[PDB]
Structure formats: C-alpha cells, structure tokens
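Summary of structural features
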Amino acid sequence: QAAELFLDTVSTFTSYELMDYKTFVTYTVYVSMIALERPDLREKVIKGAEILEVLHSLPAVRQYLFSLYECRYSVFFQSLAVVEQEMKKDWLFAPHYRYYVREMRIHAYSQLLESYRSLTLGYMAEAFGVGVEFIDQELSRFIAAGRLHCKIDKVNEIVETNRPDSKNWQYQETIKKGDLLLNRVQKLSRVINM
Amino acid sequence: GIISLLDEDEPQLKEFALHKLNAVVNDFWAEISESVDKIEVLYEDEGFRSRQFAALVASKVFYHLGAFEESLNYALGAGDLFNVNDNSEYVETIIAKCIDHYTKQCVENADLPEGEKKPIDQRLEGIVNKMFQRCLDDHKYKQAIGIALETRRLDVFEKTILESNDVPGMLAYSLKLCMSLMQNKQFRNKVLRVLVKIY
Amino acid sequence: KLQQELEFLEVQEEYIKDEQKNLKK
Amino acid sequence: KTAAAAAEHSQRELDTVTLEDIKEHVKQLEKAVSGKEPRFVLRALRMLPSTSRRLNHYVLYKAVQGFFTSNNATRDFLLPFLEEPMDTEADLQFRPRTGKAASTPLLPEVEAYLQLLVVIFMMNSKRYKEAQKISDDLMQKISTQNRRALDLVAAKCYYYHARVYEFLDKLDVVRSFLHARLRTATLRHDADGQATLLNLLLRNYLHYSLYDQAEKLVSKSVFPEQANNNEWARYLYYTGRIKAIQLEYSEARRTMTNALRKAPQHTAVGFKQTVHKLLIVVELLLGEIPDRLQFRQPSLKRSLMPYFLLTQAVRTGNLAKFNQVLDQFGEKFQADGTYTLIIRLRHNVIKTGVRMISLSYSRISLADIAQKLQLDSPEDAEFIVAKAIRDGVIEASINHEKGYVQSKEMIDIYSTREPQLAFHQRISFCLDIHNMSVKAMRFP
Amino acid sequence: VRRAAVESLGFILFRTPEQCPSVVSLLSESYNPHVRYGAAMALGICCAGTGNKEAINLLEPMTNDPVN
Amino acid sequence: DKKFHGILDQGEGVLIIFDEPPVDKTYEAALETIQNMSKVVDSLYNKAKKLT
Amino acid sequence: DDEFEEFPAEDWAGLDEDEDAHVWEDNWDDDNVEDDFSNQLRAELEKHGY
Amino acid sequence: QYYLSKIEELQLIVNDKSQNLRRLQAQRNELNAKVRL
Amino acid sequence: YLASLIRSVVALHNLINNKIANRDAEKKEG
Amino acid sequence: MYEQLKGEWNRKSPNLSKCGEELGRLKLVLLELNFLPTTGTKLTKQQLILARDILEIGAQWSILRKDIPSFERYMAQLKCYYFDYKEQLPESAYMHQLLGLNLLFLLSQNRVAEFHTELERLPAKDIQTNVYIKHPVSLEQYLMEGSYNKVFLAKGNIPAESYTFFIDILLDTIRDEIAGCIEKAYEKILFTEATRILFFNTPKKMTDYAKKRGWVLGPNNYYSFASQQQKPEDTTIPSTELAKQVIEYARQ
C-alpha cells in the first residue's frame, strides 16, 4: 500500500514536508526495495527519468539499487548493511528486526536459488560475500523462518531447492485459502443456530 | 476398580460386590457404563446363586448405557425381579416399552393367528399381566381404560367392564373411541367383538 | 384418548410431508 | 443533606426501574403462557443477567409482596429467608392481581423464576444456606410439576443450582441431584437439561481432578448438538481440556479452537483467558507455532508474556532460561493445572526443535542436530530421530552410515484429491443449513 | 389424472375438514388451472354443511381466478 | 526475467530445461475468485450482523 | 448478558505499557535477539581479513 | 400418557419439517406458474 | 471449493437472513 | 475378625498354602460389613487399613509369581479400595510407592490416560518429593524424549519398592517398540546394527527377531521389503465418494 500511493512524483513543495525531495526519494527506494525484487521494475522505477536523475545525485543510493537490480551479491550485502545503518539513523526504523535486510535478502535469496536446483554452499558464499559458515547459518535461520523454499544437504553441503511448479505452488495456495475459509464458514456456522 | 471383586472366583466375593450396585446406580454412571464385560461374566456364571439379581444390575448397566430395550430384556431374563418396585420413572419407561412391544406382538399375531405366532414370552406376559392389572386396580378408571386401550389386549376391555365400573359412562366413552378413533378393521376386531358382546 | 389421537396424528402429518416432498422433483 | 437525599432518591428510582424490569419479566411469562412460546421465554432468561448486577433487598421484597397477592408457599419461604432493610420512604402501588388473577393459581414457570431469582440474589448477597434451601425448593417444585415447558426452564435452573453448590462445596453432594435430573431429562427428552447437567458434572470432576471418570462418562454420553451456545462452549472446552490431559492432541486443538470461536467475543473474559493458555501449552507441545495475532489480546498481556518467552524457548531449544521463568511465574500455571504439561513441554522442547529442523533440512547430520539442540551425543541424536519417525510426526529416516533422510516427491494421484476428499463436506453444511431453514420458516 | 386426483380427495378427507385446506396449499395455487379447479371442488365436497372458516378463506381468492 | 524455462543444477554441473505448461492459469484465477468472493463478504456481513 | 466470570478471570495486572502499541504485525522470527546484521557482517568481513 | 408425549414430540418434529416442504412446493409451483405466464 | 462451498455460503446467507427476519418478527410482533 | 493381620506376611510368605489363608481372610475379615461408607466407625477404618495391607501383600506376591489375571485383579481392588481418600488417616508410606509400580506397569499395558489423571490427583506428590512415585514419571519422560539405552541404565535402579521386574516388563515393551521402530521407514538394518548398539547381544531375542518379523537377513544385514509403491491407481474409492456426494445433493 505504501509504494502504490507513493511513487507519485508530484510534490506539494520543491523541498519540504519530508525534509527534502532527496529524502522523499530515499523513502521511495527503501519502500520499493521492501516491495519487490525483480519483475519488470525496470519499467516501473528504473524507467523513471526523475528516478535515474536522483540516483545520479546520490551515488551510494544508486550503488545498492543497481546492485540489487544486477543481482551482484558481493557488493549488495556490504551496501545492504550500509542501508540498514542509514535506516538506524532514521526515525522510520519500525522494522528493526523484520524488514531491514532480512526481508530484502529473502527476496534476493529466493531470486538467486530460483532458476537453480543444487547450488553449493561454498561457492554461493563467495558469490554472496564471505564466511561460508555465515551464509550456512543465515540459510538455516531463514528456512526456519519459512521462506527460502529449499533444503540443506549438510552431509554434502548442498542447497537442494524445492520449487513447486506453477500448478504445484498455486494448488498449495488454494488449499491454504481453503483452510482459512473453512475456518471462516465454521465460525459462520457458529453464528447461525444460536 | 470394583470389577475385580466380581472377577474373583469366590461366589461370596461376587455377591458382596454386587449388593450395592443397585444403590450406587444413581450416583456412579461412568464406572458402571464401562463394566459391561464384567456383568456379562456374572450373567454367564449361572452356577452362582445370584444369577437373577446379577441380571437385575445388568439391566442397571444398560440403564447407564441408554439401551432401555436391552435392559428390559436382561430384567426379562431375570424374571421375578423385573417387578421389584412398581413406582419409579425408570420402571415407567421400561413398562411403556414393554407395553409397546406387547402391542406390536399382539397385532401381528392377531393379523396372522393361524399358528406360527412369535413366541409370547411367559416372562414378558407375566410382567405385562401384572402391570395393567395394577393399572386397573389403582381405581382410576378415567385413565385405566385409556392405558388398557394403549396396551391393545383382546380381552382387556371386557376385563375393564367386568371389574369395578367406576364412572359408568366409560362404556359410552369407549363406544365413541371404537366408533371414531379405532377404524382400521384388521386389528379393530378385538375391540369390536368385545363391544358387540357387551352392548 | 390423546395417546392414539397423537399416534394417528403423527402418521398423517408425516405422510403429507413426504407426499408434498415428492413434487419438488 | 441535599446531596445524600438526591443520591438516595436516584438509587431508589433505579430500584423501581429494576422492579419494572421484573414486572416486565412477569408480563413476559403471562404472554409466554398465553402463546405457548418458549423462545420468548429464552429472551427473558437472556435479559435477566444484564440487570442482575444491581438489585436491592427492599425492592426484592416489594416484588415478592406485590406478585404474591394470593398467599402461596413461595411467599412463606421468602418472608424469613429474604432479609429486607429497615423502613424506607419509597412505596409503590402493589395490586397486580385482582379478582380472577388472584383467584387463579400461580404459574409454575414464574414460580421457578422467583426461586431462581432468589438464589441468584442470595449469592449476590454472598449467602449460602438460604440460597441452597430456595434452590432445593426450586428442584422440588419442578420435579412435582410435569409440564413440558418447565423442563426447558429446568435446564438453566439446574445449571445455576450446581454453580451455587460448587461455592457451597456441595459440588460432590449435588451429583445425586445431577444424575437424578439426568434420568428425568432422558425420560422427557430434555436435551438442554441434559446439556446443563453434564457441564456441571464435568466441572465437578474438574474441581476434584476426577478426569478418569470424566473421560469414561464423556466417551459414553451423547451430547445434544442443538443445545445452547454457552452450554455447547463449556462442554466442548471441558472435552478439549480432558483430551489434552489424555494426550489426545489433534482432537484437543480442534476442540479448543472451536470452543474459542463458539464463545462470545465480547464476553467470557475468564473463558477466553483459559483458552489462550490452553492453546499456548498444547500447541507448543505439538510444535504447532502459536498464533501471533492472539498476542494482541488486550486482556492477556501479562499472562502471555512468559508464554511468549516459552514460545521463544520452544523454538530456540534452550533449557535454563525458561526453567528460571517457570520458577518465577509458574504458580499461575499450576493454578491453571498445566504445570505437569509445562514440564512435559520443557523436556519435549527438543522434540519440537527436531521437527522444525527436520522440515528445514534435507540430509542433516546427526552430530549437527545434537549440537543445535544441545544433545552433545551422537547416540542420543540417533535415538531422538528414531523416536520422531516412529511417532510419524516427521519423515526423517535413519541411515546408520551418516543419518540420511529422504526428500519429498512430485504430486501423486491422491495428493491433489486429499483436499477435496477432506473438504467436500461443504454440501453437508449446506444441507443442514437448508434443513434448519426448513425448521425455521414458520409463517405466523 | 391431475384434475381428478385433486378433486376426489375430499371424499376421503371429509373426516378431517380441518385438513381439507392443509393438503391443498399447493393444489389450489398450482400452475394447472384444472388442478386448482379440483382443489376448489375437493374442499367444497369435504365440507358439506360445516363452517370451516378456513376452507372459505382459502377459497375466496379462487372465486375471482382469471381462468374460467 | 522468465525469458527461459529451466533450473540450474550446479551440483550436477547442468541446467535442467523444463517445458512449463502455461494452461494452468485456471489455478490462479480460481484463487482470485476465492479471495474476492469470500473475504469481502463473510467478514463484513457477519460482523455487521453479529447478533442473530 | 453476563461476562462468564465463573471461569478464572485473571486480568493482566501490569497496566504499564503496550509493547506493540502500533499496528505492527510481529512474527516468531521478528522478536529474536541479536546485534542486527550490520555488526555481524562487519565481524564476517573481519574474520575473512577485510 | 408418556408414550403420548413422545409421539407428540415426533409429531412436532415432522410438522416442523412439513411446514417448509409445503412452502417449498408452493413457491416452486408459483415459479412454474410465473414461467408459464 | 467453488461450487459446494458457494452453495453452502448462499444457503447460509438465506438462513441467517430468514433467522434475522424471524427474530425481528417475534420480538416486534407485540 | 481381626485375625493375624500380618502375622506371617511381613517376614516372608513364599509358600502357596498362604493363598488359602488369604481366601479365609477375604471370607471372614474383608467381608465384615463394607468398605464404601467410611463415615465414622474407626473399626471400619482399621478394616480399610487391613484391606490395604492385604492388597499390597497380594501385589507383592503377584508381581513375584508372574500371574497376570491375579495381579490385575489385585490392581483393580487396590484402585477401588483407595478410591476413598480419608485425609485424617496416615497417608504416604504405602501410597506413593505402590501407585508408582501400578502406573509403571499400566504404561507397559499402554495406558496413559489413567497415568496422567492420577498425576493430576497428586499435585505435589509427584513433582516436589516422593522419588518413589516420580521414578515411573522420569522413565516415561526419558522413554518419550530421547533415550533408549539411557532408559535402560535409568531402569537399573528402582527406589520405590525395589522389585526390579517392572523394568523388565518395560524392557519387554521397548523391545517391541524398538522392533516396530526398526520395522518403520528405515533404509537398512545390519545384523550387528540390531544386535550391538541397541540391546540384546546375541540372546534368544536375536532368534526371535530373525524368525518372527520380516526383513529377511541378507549378508549380515536386514533390509526393508516392499512397502512403498508407485501404485498405478485404479481410482475406485474416489468414484464411490463422488457418488456419495452425488446422492447427497441429488436429494433435499
């Protein structure tokens, strides 16, 4: 809901309200990064001429935004940490442990491991920073969180993903919504006959 | 569980455990409901001198289970202990079921009376005869004829008018029942033949 | 009295329920 | 004196308002007797507790002396039992029955309500002996009179009777009364009366922890489906609690979430607190992660904060941290009766952690799982995964070489059909909704 | 068969004149005018000299039915 | 960018190319019908008429 | 209308603060305790040498 | 007069059922009358 | 999900509408 | 009446002739008046004391003689006689230990509902003190959490009343449980795998394993048999339930 009503680059003043137009963009970049990973966002925000101009104004802001777009994790994680540090210095710090960097890398890891089947932990570590153990514990923590649809073959140190087909994943969504609505109609069955 | 006291091979121990079952029948239900297997063993153990009253508390067990018809059958097999007490709500329930059973059996055995009748149980006929007899001797003939008609006995109306004819308008009362209410001639013949023989 | 009156009553009401239920098809 | 007089006059006016509410109740039964309608009777019973929180000994005696224009046993019982205050300046025109109304005998339905309305009033006054005598007179009168509409009254009457006897600690003695009225309810097909008595009986077994007798009776006693919503919720929760004690886990979670949904959302604060505690303890034992949105309950913040720490301990797998908080704030858990389970969760934390990590990993090392969940022993790790597979909770297998575990497979014949097989009861709900409409489309 | 089977029912059911209007709540309003005609005639037959007060009320709308 | 249909199996050093069947859009369309025919009606109607 | 006080109604006696006073929706993983990620990445960079 | 009351209840159960079955048959017949019109 | 449930929901909607109408009629008849 | 309360049962009662004396005890003393009311009558209170004393003696005799029908009958009599809790009488001593042995063997019968309802009837008897009664609780806890061999070492000592046979009967339930656990989805079972690590180093148990259940021994290895199949599905019970749905909304 934030982004859908906030990419509108029609400011009531040239530099006011949110302390600047540059600060207005930084909010746009942060909100968009939480929003989506890489659909035709090249035609949504990247195509934005005013967007490209302000990233020219802010090279560091341009650095991680292009890093996520280019899916180059070696620079992404360092820049992503800088983003989290910058958000620390901002009063809009509400996702203190949920959606600074963990959600964005959940999108990034999902983007990475999809179109892959068995990518080795050691090589994905150096392609996504350093500290093979650090990525291994990060993957285990995020799989336990629920996202990163994959499993870890610890005895061989492999990441065997489990991507459902378009039929399989969608059928899973229907049975989940079937569970919720059965809970709904059972509640409504409680409403009747009383 | 007290079921072990009945499970022992001592007849006196069995008897001791099964005295107070008819007294704790009101309070304890779950423990007696689950003990159907034990009371079946006692019922099968017919060499023990308390077979009849074991069948009585067997009916008490089926009172807990809710199978009033099965409890009726178990107290039926006991025989003389079916009618230990004539004034209770469970007694009223079982006799009402037994009257319904007697009514159904009488109708079918009168619709096909040329032999091969379903065996009229001596134990069932004995209690039935006792129950409507006292319902006729309670000296409330505004309802004695009504329960008599519900019992569906061929000679019960003749018995009712041969005994103390309290409220002698009962003759006209039963006249309009057979004139209007009872009209299915196949089983109406019993009421009709008594009606013609008296009037 | 009311014993058999309700007996037959149950029969008749029951019959018209099913008979009127036969026309929904 | 002006302020005191105004306050006394105002409270007397509200007392007269409550009397008019009781007078309205009397007119409701007069209409109910005329129309033979127990539904509008239920409305009278529903609206009574709303005004029951503010009554006065004097206004009750006003209603007693007014309604009992003709001398009756109810007035003779309330004359010594009801202790009205001293002389009051406020009096009303007490002449509701005149001529034929006074000549006609008192209605059994209003007689049961006055008896029930006294026993609620005595308990509001925190009296015990007089409350039990009125209630005994209530059941005696209801037993003697055998009208059909009285047994529907008798359901809630026996309900609140045993609730009083629970305070009296006669909750053990009242069992004979509960069973005796159960047999009468069975004879008269009083499903609502039956529903109340089992609910009272289950709470009796709860207060004595007589769970073995409770499960033996619930497993053989059929509970009416069309019973009252409140009685259904109490029975279902009590059934859910005992199954939780009986380790009937999947049935327990189904019953407790149904009981929470069947309870009114605006009311039943004490019932709500119990079901939150029940769902937290049971689902954490299952490893079913507790619902996070339930933590926004405005009435359960302090109780669920250690429960939140318990959830974190269950997910993490640590031992010392939650053992300390149980030593700190475990007394309330003992009061709720889940402390034996609480220790069971404390030692089944590893089992829950194994399931989550097994769902996380494809082929996890037995040494790795031991290090993760603080086992420090390859053999104990092998035993745990052995004990998990035999329970069937997870699909993790054992290969004594290194601890291999199979992965999932593509969708088979029944994997697309098990939802529709377990969900095609939609039409079964549709048919009972239609059948209820069949029952509930009276034209007049 | 429809018009007949809805008119020759009061011969059996005149023992229950109160049930003459109850068994025709669909016959007297049926889409077949002959069924309505039979239903009308059935209540007339089963109530010869009875002030039913209910058959008359249900037959009042049929006194002005568009079908002749 | 969904321009290709495959999965990169680095463990085997290969990429498994699969022909994705796109006729399964009934699945997603059905879910949308589930979402916009149930959520917008059951919560709103039966919370307004809480008492019945 | 009754509040069903018969069931044990232990109201929460704190009455001090609402931890999630806003409309924030928490998750089981959102409430874990760590030094976030920036410090952890710095430690990761240090043990690798840069 | 106890089997009296049990049969009345079973009479009451059926009569409650037969209310809507008559009403369902009548309203659908009205629908058939409407479509014929 | 979309024929049996939908039939159940629409039947449920009819009943609760009828129950509301019947309850209001009973309470406001007199 | 009140004859030889524990005259010969206290020191040693190994003979079978004492069964007749016990039977005479049941006929005369146990059947004096009743055991139900226990309102007053301290004589009946002592009658309950001797009733509990002969029940525990029978429990010790039965567990030593290995007679399941007699032992179970004594267990049920013990439960029904103890159903009357009188707090003024001196509790403990005979209560905690015997209830532990009875519950522990009841879990060997695979009954947990009675185990937990007795635990709830004992709020502090099981957790605060009385290692006599929490020993079965600890054994079940370990046997449920993570231990097979650690349970065996834990079973090595019984603090309740000695009588180290409930540990063997639980060992007979865990050999069945282990056999079922290894008859599960396991991939393979070596001969040394089933003989060394778990328990039963080449006893007659080994012959029992090799003959009773499946998984025929290959080369020093038992292997899983045909239990998972592709199952080309005739799909007939889906048709029956479909017909069940059809008839369900083909009517009403």
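Structural data are supplied above this passage.
Residues numbered from 1 in each chain as written, not as in the entry; some residues may be left out. Chains lettered and ligands numbered in written order. Part of a larger assembly, values for the part shown. Heavy atoms only, no water. Residues with missing side-chain atoms left out of burial classes, pairs and counts.

The partner chain D presents 42 residues to the 40 residues of chain J that form the contact. Of all the secondary-structure elements, those providing two or more residues to the side of chain J that touches chain D are α5 (113-120), α6 (131-145), α7 (149-155), α8 (166-182), α9 (191-197) and α11 (237-248) of chain J. Residues that form the side of chain J that touches chain D fall into these classes: 14 nonpolar, 10 polar and 16 charged. (Contact = heavy atoms within 4.5 Å. Helix = DSSP H or I, 4+ residues; strand = E, 2+ residues; numbered from the N terminus. Nonpolar A, V, L, I, M, F, W, Y, C, P; charged D, E, K, R; others polar.)

It is worth spelling out the packing of aromatic side chains at this point. Two descriptors summarise a pair of aromatic rings, namely the distance from one centre to the other and the angle between the planes of the rings. The tally for this structure, following the rule as stated, stands at 34 aromatic pairs over all chains. When the ring of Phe62 of chain B is compared with that of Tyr74 of chain B, the centres are 5.0 Å apart and the planes differ by 25 degrees; the resulting orientation is stacked. Residue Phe62 of chain B is located in helix α5 (residues 51-65), and its partner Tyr74 of chain B is located in helix α6 (residues 68-78); the two are separated by 12 residues in the primary sequence. Both residues of the pair, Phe62 of chain B and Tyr74 of chain B, count as buried. Measuring from centroid to centroid gives 4.7 Å for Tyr209 of chain J and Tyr222 of chain J, while their planes differ by 90 degrees, and the two rings are edge-to-face. Of this pair, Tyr209 of chain J sits in helix α10 (residues 204-211) while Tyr222 of chain J is found in strand β2 (residues 221-223), placing the two residues 13 residues apart along the sequence. Geometry around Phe167 of chain D places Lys126 of chain D over its ring, the cationic atom sitting 5.8 Å from the centre. One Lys or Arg, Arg234 of chain D, reaches over the ring of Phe4 of chain G and ends 4.9 Å from the middle of that ring. (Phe/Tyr/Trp six-rings, centres within 6.5 Å; stacked < 30°, edge-to-face > 60°. Buried < 20%, exposed > 50% of the residue type's maximum accessible area, 1.4 Å probe, protein only. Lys NZ or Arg CZ within 6 Å of the ring centre and 35° of its normal.)

With that out of the way, let us pick up the interface of chain E and chain C. Each partner contributes to the interface: chain E provides 4 residues, whereas chain C provides 4 residues. Carbon and sulfur atoms supply 60% of the area buried between chain E and chain C, which totals about 360 Å² over both sides. Between chain E and chain C we count 0 salt bridges in total. Here chain E is connected to chain C by 0 residue pairs in polar contact. Partitioned by chemical class, the residues of the side of chain E that touches chain C number 2 nonpolar, 2 polar and no charged. (Buried area = accessible area lost by both parts, 1.4 Å probe. Salt bridge = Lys/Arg side-chain N within 4 Å of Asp/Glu carboxyl O. Polar contact = N/O pair within 3.5 Å; in protein donor to acceptor, adjacent residues only side chain to side chain.)

A word on the environment of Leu171 of chain J. Residue and element names in this part refer to chain J. Within the secondary structure, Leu171 is located in helix α8. For the pair formed by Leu171 and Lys134, sequence separation is 37 residues and the distance between their alpha carbons is 18 Å. Beyond its immediate chain neighbours, meaning those up to four positions away, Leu171 contacts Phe152, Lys155, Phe199 and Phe200.

When the 17 pairs of chains in contact are ranked by number of contacts, first place goes to chains D and J. For chain B and chain E, which are not in contact, the least C-alpha distance works out to 10 Å. These two, chain B and chain F, are apart from each other, with no contact and a minimum C-alpha gap of 35 Å.

A contiguous patch of positive charge, built from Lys24 and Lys25 of chain C, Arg28 of chain H together with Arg251 of chain J, is present on the exposed surface. Position of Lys24 of chain C among the secondary structure elements: in the segment after α1 (2-21). Overall, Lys24 of chain C belongs to the partly exposed group, its relative accessible area being 31%. (Patch = residues over 30% accessible without salt bridge, like charges linked within 9 Å, V, L, I, M, F, W, Y side chains within 5 Å. Areas by Shrake-Rupley, 256 points an atom, 1.4 Å probe, with all protein chains shown as cover. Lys, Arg positive; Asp, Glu negative; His and termini not counted. Charge placed at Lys NZ, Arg CZ, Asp CG, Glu CD.)

The subject of this paragraph is the nonpolar core. Residue and element names in this part refer to chain D. If you look at the biggest cluster of nonpolar residues, it comprises 100 residues, and the most contacted ones within it are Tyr160 and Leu178. The greatest single-element share of this core, amounting to 11 residues, is contributed by helix α6 (residues 108-124). With residues near it in sequence (within four places) discarded, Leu178 still touches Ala162, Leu197, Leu200 and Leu201. (Core = buried A, V, L, I, M, F, W, Y, C linked by side-chain atoms within 4.5 Å.)

Now for the pairing of strand β2 (residues 14-17) of chain F. All names here are of chain F. Relative to β2, strand β1 (residues 6-9) is paired through 4 bridges, and the arrangement is antiparallel. Bridge pairing in β2 links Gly6 to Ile17. Two successive antiparallel strands, β1 and β2, enclose a turn made up of 4 residues, where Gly13 displays a positive phi of approximately 70 degrees. (Pairing = 2+ DSSP bridges.)

This next bit is on the sheet that holds strand β3 (residues 158-161) of chain A. Residues and elements named next belong to chain A. Across the sheet, 3 strands lie side by side as β1-β3-β2; this open sheet has antiparallel pairing. Two strands bound the open sheet, and with one partner strand each, they are β1 (118-120) and β2 (150-153). Pairs of neighbouring strands in the sheet enclose a mean axial angle of 25 degrees, with direction left out of account. Pairing of β2 with β3 involves 4 bridges; the strand directions are antiparallel. Considered in β3, the bridge of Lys151 is made with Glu160. (Axes fitted to C-alpha atoms, helices over the stretch in contact; angles between N-to-C directions.)

The values are spatial; any link to function lies outside them.
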